[PDB]
Amino acid sequence: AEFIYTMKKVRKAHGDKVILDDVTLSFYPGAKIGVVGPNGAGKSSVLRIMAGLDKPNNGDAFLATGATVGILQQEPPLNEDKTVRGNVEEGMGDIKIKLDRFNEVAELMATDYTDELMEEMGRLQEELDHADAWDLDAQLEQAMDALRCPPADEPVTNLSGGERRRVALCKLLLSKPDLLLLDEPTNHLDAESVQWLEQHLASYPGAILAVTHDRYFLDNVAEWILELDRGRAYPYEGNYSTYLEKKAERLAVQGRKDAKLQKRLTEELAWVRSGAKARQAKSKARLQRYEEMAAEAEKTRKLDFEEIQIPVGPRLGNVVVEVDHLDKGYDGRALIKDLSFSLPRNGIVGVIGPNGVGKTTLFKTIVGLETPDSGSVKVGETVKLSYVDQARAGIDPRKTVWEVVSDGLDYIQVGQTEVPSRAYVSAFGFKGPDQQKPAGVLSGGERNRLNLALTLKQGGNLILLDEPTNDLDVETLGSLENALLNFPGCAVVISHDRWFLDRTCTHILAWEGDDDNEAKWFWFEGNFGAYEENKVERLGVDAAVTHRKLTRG
Amino acid sequence: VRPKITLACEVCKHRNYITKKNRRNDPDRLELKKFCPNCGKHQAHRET
Amino acid sequence: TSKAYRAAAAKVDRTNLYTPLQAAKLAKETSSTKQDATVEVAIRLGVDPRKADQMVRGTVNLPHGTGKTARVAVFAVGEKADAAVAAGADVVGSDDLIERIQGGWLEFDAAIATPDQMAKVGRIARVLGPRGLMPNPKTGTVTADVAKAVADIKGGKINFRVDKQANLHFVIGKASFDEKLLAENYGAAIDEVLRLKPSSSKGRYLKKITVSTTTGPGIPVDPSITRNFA
RNA sequence: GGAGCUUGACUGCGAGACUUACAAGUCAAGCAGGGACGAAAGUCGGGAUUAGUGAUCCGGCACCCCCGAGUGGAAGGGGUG
RNA sequence: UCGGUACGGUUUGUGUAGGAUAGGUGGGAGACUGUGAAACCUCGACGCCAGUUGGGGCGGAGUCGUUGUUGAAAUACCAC
Ligand SMILES: Nc1ncnc2c1ncn2[C@@H]1O[C@H](COP(=O)(O)OP(=O)(O)O)[C@@H](O)[C@H]1O
Ligand SMILES: Nc1ncnc2c1ncn2[C@@H]1O[C@H](COP(=O)(O)OP(=O)(O)O)[C@@H](O)[C@H]1O
Ligand code: VO4
Ligand code: VO4
Ligand SMILES: [Mg+2]
Ligand SMILES: [Mg+2]
Ligand SMILES: [Mg+2]
Ligand SMILES: [Mg+2]
Ligand SMILES: [Mg+2]
Ligand SMILES: [Mg+2]
Ligand SMILES: [Mg+2]
Ligand SMILES: [Mg+2]
Ligand SMILES: [Mg+2]
Ligand SMILES: [Mg+2]
Ligand SMILES: [Mg+2]
Ligand SMILES: [Mg+2]
Ligand SMILES: [Mg+2]
Ligand SMILES: [Zn+2]
């Protein structure tokens, strides 16, 4: 019955937006809990209490004694040192300074007083046998071969979005905290780093929480679903096909219960406007029940959703983007080598490949922010280009969600038309006084919605989608992919979501590099389902591993 | 919309002052230099 | 099974807890049926070794010895090196021994060093890390006058140290001894473990104890009676 | 109306008044602490002024360590915000 | 009958050279009388990190230790 973490009557709320209210659940070790919910439900605000980063307003929430807590943030920060120095600040952070003193006491004690420093190295050399911390040179070299990290001698400022997330998982899987707190772990990770992390979290001592929107990762790392509706928490078991059943059932029995209440208001509002007859009295005990039914009928008024809407652009010519013998790299490592394709008119093109392989560099030669090595990029006279970005570089944190889209202006240009700016952002779900939240307090699911408001107001007929399916839930992932099928221009998508390129694609440009070339790509004419059948007929029939343990324990 | 925040000191953590801010214009915790009577001098004060 | 392990299993009852003398009585009637043996005692404590202040570590001197080789590697240079070989150290450490231990020759049993030449200890603990043959100040192996603990490690100062699963492991000598000689090492061990008992030990501190041979089964002993080991 | 630096939207007080059945309400020179701006003189105890609020009781939390039902503690009570 | 706790048997763990990688610790130079290369049995526990850890049929003819190294660490067997 020994526990890890307990909540007692926790109520955290950002005013009108409640996150918890009178909740109580207990977490026992060995539990594999996957937490779900819509965007903005409050999932990262729970984990910022469970990691001790925030405090609940009126409640009690405490970790048990021992068994410390390590959190993966939704946007994991790093330091300005190397990769091998990026994995020692946590996982080895409390224990490398006990080795930074032992190699100091080997020489500083030999010339000083050798009587009191005898125990000063005594209580530290006995801290190097219970943990076996002598192999700190070669424990890091095992934990980088597991995650397939970048080489550990170069800086970390110029890395991929999915290479920064690999070096941030190594900072937590070496600590081994007994309460993991993973906030959206499968962002930016390819189909290999997710399949690896499924096996590593399978045989793992301790409690695991993971707020994962995707349908297939939670069926492997979780067996006990936690849910966040508007305030409450609903623990049960199942494998995420039963979460969409129960949220559909909790709104069909709440929706028609709130319709019986509406008919009883019309039957009662007709009574309070009917006038008192001869010397009878209109009873005060029915006026005071009307004004309680009329108050409990306005508090249920939170039922709305906004669709993703892309503005249409001008007429697109016969030449969209032409690429003839492109070569691109940064060092002796070459990324793109001898690539020839041409983007079609009126289609959806998908770019497929593992992490750190050259997909964002392929867009940044097209948008004119890079320079090719050999070969040219050719656009054409008709194309207005629109470019969403993976890094979300356009949005700044200390400026509100309104006056990043606008600039203090009332009316904006969304391509040869003038819609009002607050009418434009309220078409992206940011409605009412949610338009004055800065970008530091917005959730990750609505910075993937704010970035679409900054860059789709260019109104171009060529949109470049650099991982749009990042932090979005199932309701607005389907609202995005229904806005690309009805788009008249050409859309290019980089994504790792296998069940998102299968649904909306017409053309595939996929990396197919092997050991002797390492830099070739492939243009395919067809959807994603026909590409995977051709991939297993050209190269490696039925061939297109064992889990690297990351540690010796 | 304008709750009552309280300003705790940064040295002694005494809760010397109480005032109001706007939650949506100022989502972060306010920092002011206020006089602390325990320390006898001006310290810094975040909220709680 | 081996059709001779069940011979000693037919002579020792499983459920009956025994005295500290009946364990040493059945130490002779189980081990000595086979060849020579060292008597093993495994103790499961009532601590949690995850915390820092419940790390039970200590040493004890045994009166009747333990009967082993005790290849003690005393590390000292100059005229201090001759004091070890006069005291009974077969191999005395120097600088030339460092270049052959790193070559792959680690045939020694302890490490009693001097505080002036501890610079070479951190370089020689490269391969002595997981072996656990570090010089320990708490066991007297790190001291100025190294002319005392040379015959003491020969005399039976076996180090006991709690593991990750809270299980002490300690030897009380060979199996060729007598009943009055084995049970006194058993009595001196537990009476010095209780001095190392931390003040934050929840529950019963000494939960279950056993005595075993090198081949035969284990003897369940009674943790309750600890006064009359003679 | 605009710009620079800032937190006095202070802690300990208050001679003397207004208004007033009472409960309340309101103004305040000046003295000390530790500060802001100013070259200084000086000004600053929120906002040009008058609305933006609720007596007592019972409780809650923070701190001060005043009482502690034989004694040492504690439970409870008390003060100050 | 379905569970809880206490007690005991059998069994489980395999990034990278390797005896598919004793899981940890401690003891240890022996342990059985040896063919998953066996006759009735013969992985139809798991079977995937595949072949060693069973269908315990029998045989005193027939495996394995320590050494070699090939490693953070080894090799049997055994209490823990
Ligand atoms: N510091 C804050 N101040 C005000 N509102 C916030 C703050 N943090 C979050 N919110 C609001 O509360 C919601 C909770 O965010 P949350 O759902 O925890 O993020 P995630 O979707 O990653 O779990 C957000 O939609 C945001 O609008
Ligand atoms: N400015 C730069 N200088 C050097 N190398 C870079 C730079 N930017 C990116 N790279 C390298 O290019 C490789 C491929 O990145 P890429 O795959 O384009 O990112 P993404 O995964 O976002 O598409 C990465 O491994 C990264 O190390
Ligand atoms: O590292 V990436 O998921 O942008 O290919
Ligand atoms: O945890 V999110 O709902 O911002 O993807
Ligand atoms: Mg999140
Ligand atoms: Mg990318
Ligand atoms: Mg402001
Ligand atoms: Mg005020
Ligand atoms: Mg007065
Ligand atoms: Mg002054
Ligand atoms: Mg000045
Ligand atoms: Mg004044
Ligand atoms: Mg006013
Ligand atoms: Mg009353
Ligand atoms: Mg009393
Ligand atoms: Mg009290
Ligand atoms: Mg006062
Ligand atoms: Zn203070």
Side-chain angles (χ1 to χ4, degrees), chain A residues 1 57-58 129-139 141-148 196 199-200 202-203 205 545-553, chain B residues 2 5-9 12-21 30-45 48, chain C residues 1-6 8-9 12 14-15 23 27 30-31 34-45 49 66 68-69 104 126-127 129-132 158-175 208-221:
Chain A
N57 300 119
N58 46 1
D129 55 354
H130 74 281
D132 198 358
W134 295 98
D135 199 72
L136 192 145
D137 196 3
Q139 285 179 355
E141 295 291 327
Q142 182 180 0
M144 294 179 186
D145 289 331
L147 285 168
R148 293 177 66 88
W196 182 82
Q199 297 296 109
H200 180 74
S203 65
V545 298
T546 63
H547 182 267
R548 294 186 295 271
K549 296 294 187 291
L550 183 143
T551 185
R552 66 179 66 92
Chain B
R2 311 294 301 271
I5 59 172
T6 183
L7 296 174
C9 179
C12 60
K13 275 78 175 177
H14 287 177
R15 299 181 182 182
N16 297 319
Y17 298 99
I18 188 166
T19 185
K20 288 183 179 178
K21 74 176 180 69
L30 290 176
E31 290 90 3
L32 283 77
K33 299 288 184 184
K34 302 297 286 292
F35 180 76
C36 182
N38 192 14
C39 298
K41 67 192 290 292
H42 278 80
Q43 296 294 326
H45 286 85
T48 62
Chain C
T1 61
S2 67
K3 282 89 173 66
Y5 179 74
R6 62 179 177 87
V12 180
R14 299 279 78 78
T15 63
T30 301
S31 62
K34 303 287 103 176
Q35 300 295 321
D36 54 352
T38 303
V39 182
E40 179 68 28
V41 173
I43 304 171
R44 188 179 67 189
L45 293 178
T66 184
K68 68 185 294 294
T69 62
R126 175 74 270 171
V127 297
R131 296 293 93 195
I158 292 96
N159 296 321
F160 60 95
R161 185 259 189 189
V162 67
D163 58 354
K164 182 66 175 66
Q165 282 73 240
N167 293 316
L168 287 176
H169 293 279
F170 184 73
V171 290
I172 58 172
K174 296 295 287 182
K208 189 260 288 181
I209 194 163
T210 185
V211 171
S212 180
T213 70
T214 59
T215 56
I219 290 96
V221 192

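So that the names make sense, note that chain A is the first sequence line, chain B the second, and so on, each numbered from 1.
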note: B/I18, atom CD1; D/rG60, atom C1'; distance rounded to Å ~ 14 Å
Set of ring-ring contact (aromatic ring centres under 6.0 Å, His included) partners for A/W196, sequence neighbours left out: A/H200, A/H547
Could you measure the distance from the NZ atom of B/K34 to the CD atom of B/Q43? Nearest 0.5 Å is fine. 13.5 Å
Which of the following nucleotides, E/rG28, E/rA31, E/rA72, is nearest to the side chain of C/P130? E/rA72
By the 4.0 Å heavy-atom rule, please label C/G104 as base, sugar-phosphate, or nothing. nothing
Report each atom pair, protein N/O against N/O of nucleotides 46-52 of chain E, whose distance is under 3.5 angstrom.
none

Sugar conformation, D/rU53 - torsion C1'-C2'-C3'-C4' sign: north
Tell me whether the sugar of E/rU14 sits north or south, going by the sign of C1'-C2'-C3'-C4' (positive is north, negative is south). south
Donor-acceptor pair under 3.5 Å: do we get one between A/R552's side chain and the base of E/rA72? yes
note: C/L168, atom CG; E/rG27, atom P; distance rounded to Å ~ 13 Å
Find the partner of E/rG34: check Watson-Crick (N1-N3 plus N6-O4 or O6-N4) and G-U wobble (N1-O2, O6-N3) distances, both under 3.5 Å, and reply none if neither fits. none
Would you say C/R161 places a side-chain N or O within less than 4.0 Å of OP1 or OP2 belonging to E/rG24? no
Counting side-chain heavy atoms from C-beta on, which of E/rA72, D/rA9, E/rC80 comes nearest to B/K34? D/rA9
For a quick check of understanding: with a heavy-atom distance under 4.0 Å over all strands, which category does A/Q139 fall into, base, sugar-phosphate or nothing? nothing
Where does the sugar of E/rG56 land, north (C3'-endo side) or south (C2'-endo side), based on the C1'-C2'-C3'-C4' torsion? south
Sugar-phosphate only, base, or nothing, as touched by B/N38 at under 4.0 Å among non-hydrogen atoms: nothing
Sugar of D/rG16, judged by the sign of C1'-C2'-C3'-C4' (positive north, negative south), puckers north
Counting side-chain heavy atoms from C-beta on, which of E/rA79, D/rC10, E/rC80 comes nearest to C/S212? E/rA79
In this structure, which stretches of RNA chain D are paired as stems of three or more consecutive Watson-Crick or G-U pairs, both distances less than 3.5 Å? D:35-37 with D:42-44, D:62-64 with D:78-80
So, going by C1'-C2'-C3'-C4' where positive is north and negative is south, E/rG36 is south
Separation between the P atoms of D/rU26 and D/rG8, rounded to whole Å: 23 Å
Among the nucleotides E/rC32, E/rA74, E/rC78, which one has an atom lying closest to any side-chain atom of C/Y5? E/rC78
